[PDB]
Structures are given as C-alpha cells and as structure tokens.
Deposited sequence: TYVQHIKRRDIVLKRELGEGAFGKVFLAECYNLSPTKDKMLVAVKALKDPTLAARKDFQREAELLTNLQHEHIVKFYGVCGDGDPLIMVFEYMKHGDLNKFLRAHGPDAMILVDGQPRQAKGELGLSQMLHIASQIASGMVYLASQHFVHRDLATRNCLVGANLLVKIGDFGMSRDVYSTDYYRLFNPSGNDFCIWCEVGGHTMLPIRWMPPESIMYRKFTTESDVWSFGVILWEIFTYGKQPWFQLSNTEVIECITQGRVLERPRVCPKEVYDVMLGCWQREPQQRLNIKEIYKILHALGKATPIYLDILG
C-alpha cells in the first residue's frame, strides 16, 4: 500500500525517549501534519545507517501500521523519504508505556481503582478483537508494549526488546517473551490468536499486580519448566474472583478451549459496575 509521505524539514526533535532494535525513539514536533498545519507533538523513530534487514523491517512496519487502523492500535502518521536516517512518525502518547504507568501507581511506588483497571483491560481487549478480525497474530502482547494517553486511553503497540537491561526476553536465534507465552508457543513455536489470548490473560495479571513481572520468583529455566508442566500464575490478592476466572479462561492448556477475545471483551464489559461510554459524537 501507499504510506503517507512526511517531509524531513517538518520534523523537530525535542527529547530522546529510548532505543530498541529498530532505532532511537524521540518526542518531537511536526508541522503540516494537523488539519491546521500548526505544529503538533508526535513520536519519531529514527533508524541510522540501516542494514538491509532493518530496512525491510522498517518497510514491513510502515505498511502494516498503514493497514492496521483502530482506536486501540497505536496510530501511525507516516514515513520520510529514502535516506539516512529512516524516519517513522507516530501519535504521541504522553503517559508512556503501560508497564511503567502501572508501576507508578502501585504500592511499591495515587492508586488505580477496579473500574480503571477494567477499563485498561477492556481497551486492550478491544484492540485485540480488531487484530483477530484482521487475522493478525501479535506474538508479543504485554503491558510494556502498550501506550497510555490522556483520559486513560490505552493502545496496543510493539516496541520489541530494549537496545537498557531487561529480563522479559530469553533465548530459547530469537529472543522470546516466555513469561507471556503458552505451552504450545514455547514448545512448538505455534503462534495463533489463541496464544495471543493466553498473553492477554497474563496482561490481566500484570494490571492487577500493578505491572509486576509474571513469574518474578522464577528463573527463565524455571519459567519454561513451570509453563510446560501446566502451572498457572496465582490470583493476586486484590484481584476479584471473576477477573481471575477470566485469566483461567485464557490459560486453558488446550488452545481451542480458551476464551476467544470477543467473549473476553463482552465479559470484561459486563464485569464493570459503570464501564465508560464510548463516543464518536
């Protein structure tokens, strides 16, 4: 497909936010983008002297996010022309990634209410419903890969492993998010919408533990063994039983027995005492 062309001259970098395997990410301002063409805050990923592989990944990402359009998938504005560095422009989400957001409101850090936690979960579920409808398998769903904006707006993204020390990925070739993966994904590399559902169950666990790492008490070896042997994450004390039952529904060993994300979204909606009303006016 065609990707929107953004002129390099229209982008002004403000602050470096971090770096993954695909280049540095910046807080920036962009002109001639808004309907009023006045400058607006954006997020920019810059890829310096990209390899052939990096270039193809850049292109795959640009085409994918052009086609993937939804309220709870990270918004993509476009790319600059060919050159060095390669530049990709995103919607700016001012509260950063969801894992740090959760930890910032946690006891170890005011707090998040049940309604707020369910709203976060429901938004992610909504994004996943869209992904499933597009037959897209994410394979790395986790709160670290979600962004938070104004009014607790949450969207699904994919940043990959940090270029900053992390314990979320393990070399089982490729670095894998084993703590978020079902048995069949770890053992047989089977990635489906059903394995994404498993990962959502773990996301639920993240939310109600304020961003704590799944299986924090286990080494990577112990995690693989544990998931293989069919053990599941324990119910957080502040987690309602109905929410934990949703987690258990995501964690059926047989993938076809797991709740589908459409069912999960309906349940989470029904669980809320006063779930937010969505408007487009």
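Asks: Compare the deposited sequence with the modelled residues and state the ranges that are missing C-alpha positions.
Replies: Comparing the full sequence with the modelled residues, the uncovered ranges come out as 110-121, 176, 186-201, 311-312.
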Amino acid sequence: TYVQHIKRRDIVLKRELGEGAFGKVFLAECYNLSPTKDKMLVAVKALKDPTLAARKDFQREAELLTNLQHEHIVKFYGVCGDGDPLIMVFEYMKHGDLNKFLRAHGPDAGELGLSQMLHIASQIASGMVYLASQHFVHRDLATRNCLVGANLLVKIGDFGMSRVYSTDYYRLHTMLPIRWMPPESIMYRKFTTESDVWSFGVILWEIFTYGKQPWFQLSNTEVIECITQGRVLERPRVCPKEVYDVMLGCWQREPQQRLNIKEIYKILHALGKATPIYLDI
From here on, numbers count along this sequence of modelled residues.
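Asks: What about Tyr265, left without coordinates in a third or more of the other entries of this protein that model its neighbours?
Replies: No; none of the other entries leave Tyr265 out.
Asks: Among the other compared PDB entries, is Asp49 dropped in a third or more?
Replies: In at least a third of the other entries, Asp49 has no coordinates.
Asks: When the C-alpha temperature factors are averaged for each of 7-15 and 20-28, which stretch ends up with the higher value in the entry?
Replies: Higher mean C-alpha B-factor in the PDB entry: 20-28.
Asks: Would you tell me which stretch averages the higher CA B-factor in the PDB entry, 151-159 or 78-86?
Replies: Stretch with the higher mean C-alpha B-factor: 78-86.
Asks: Of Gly127, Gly211, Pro107, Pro182, which one's C-alpha B factor is largest in the deposited record?
Replies: Spelled out: the listed residue with the top C-alpha B-factor is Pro107.
Asks: When the CA B-factors of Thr143, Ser133, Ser122, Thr167 are compared as recorded in the entry, which is the largest?
Replies: Most elevated C-alpha B-factor of the set, per the entry: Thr167.
Asks: Considering only modelled residues of the same chain, in which third does the CA B-factor of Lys45 rank: lowest, middle or highest?
Replies: According to the entry, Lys45 has a C-alpha B-factor in the chain's lowest third.
Asks: Relative to the other modelled residues in the chain, which third contains the C-alpha temperature factor of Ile186: lowest, middle or highest?
Replies: Middle third by C-alpha B-factor.
Asks: Would you mind ranking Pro240 by its C-alpha B-factor against the rest of the chain and naming the third, lowest, middle or highest?
Replies: Its C-alpha B-factor, which the entry lists for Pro240, ranks in the middle third among residues of this chain.
Asks: Sort the modelled residues of this chain by their C-alpha B factor and say whether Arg258 lands in the lowest, middle or highest third.
Replies: Ranked within chain, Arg258 CA B lands in the lowest tercile.
Asks: Taking the values exactly as deposited, rank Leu112 by C-alpha B-factor within its chain and report the matching third: lowest, middle or highest.
Replies: As the PDB entry reports it, the C-alpha B-factor of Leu112 lands in the highest third of its chain.
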